[PDB]
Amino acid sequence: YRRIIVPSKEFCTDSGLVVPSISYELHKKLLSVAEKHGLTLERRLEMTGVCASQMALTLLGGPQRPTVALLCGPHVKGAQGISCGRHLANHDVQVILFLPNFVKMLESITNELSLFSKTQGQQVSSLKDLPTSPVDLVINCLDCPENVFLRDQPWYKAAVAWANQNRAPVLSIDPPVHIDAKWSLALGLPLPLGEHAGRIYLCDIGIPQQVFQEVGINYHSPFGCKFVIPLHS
């Protein structure tokens, strides 16, 4: 039944609990309020990396080491990818992180890269440095909602072309609404993601119940004991 009421796609859990989508703006408002009450970006980046890497370890079978190609953009969504990549590298996954070069440094990127640099992971700026043969998993964090001209950039188009030619299944962490992912990972509550997001999962990102209430969402947890759950149309 319906325990989450928003003030547009609707999903349900394995147990039948309805989880509706929220708009980009309401998701942004929710996170801002969460941040005001002490759930900082750095905290969320850390938790998102742990919980995403747990999901990806499940996708990798979770018993040579499996190989993951991580495709990150120069934005906060790409920083979430680097966190996930560091946690995977910490757990003996062969991680190759692609991130194009840029000039305007971003705090979250700088911080995640600093920790990633101390792992056995490989950071590359060229798509040619990525494996030729299909990897076990591609993780896609190339696109960000705030960069409307990002999808027109040659570097982006090449990265997408690389993912399509590799043949490994694609997990997209926190993709935008408008690469065909095998799976996609929504955070907190889903945006109205469509068929190109593939199999949709939801990740808990630490948001207390009353933060939802403050933005006019009547929220009850759809997670049970799990931090990442499958969602169905």
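Each residue number is its position in the shown sequence, starting from 1.
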* To do: Please count the deposited residues lying between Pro63 and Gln64 that the model leaves without coordinates, and give the class: none, 1 to 3, 4 to 9, or 10 or more.
  => 4 to 9
* **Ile179 preceded by how many uncoordinated deposited residues after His178** => 4 to 9
* Could you check which stretch, 47 to 55 or 192 to 200, carries the larger mean CA temperature factor in the entry? => 192 to 200
* To do: State which stretch shows the higher mean Cα B factor in the entry: 152 to 160 or 82 to 90.
  => 152 to 160
* Asked: Whose C-alpha has the highest temperature factor in the PDB entry: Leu41, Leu171, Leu26, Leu70?
  -> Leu26
* Asked: Among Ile139, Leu115, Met105, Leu99, which residue carries the highest C-alpha B-factor recorded in the PDB entry?
  -> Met105
* Structure fact -> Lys182: C-alpha B-factor third of its chain, per the entry, is the lowest
* To do: Could you tell me which third, lowest, middle or highest, the C-alpha B-factor of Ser126 occupies within its chain?
  => lowest
* For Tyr219, return the chain-relative third of its C-alpha B-factor as stated in the PDB record: lowest, middle or highest. => middle
* Asked: If you rank every modelled residue in this chain by C-alpha B factor, which third holds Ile4: lowest, middle or highest?
  -> highest
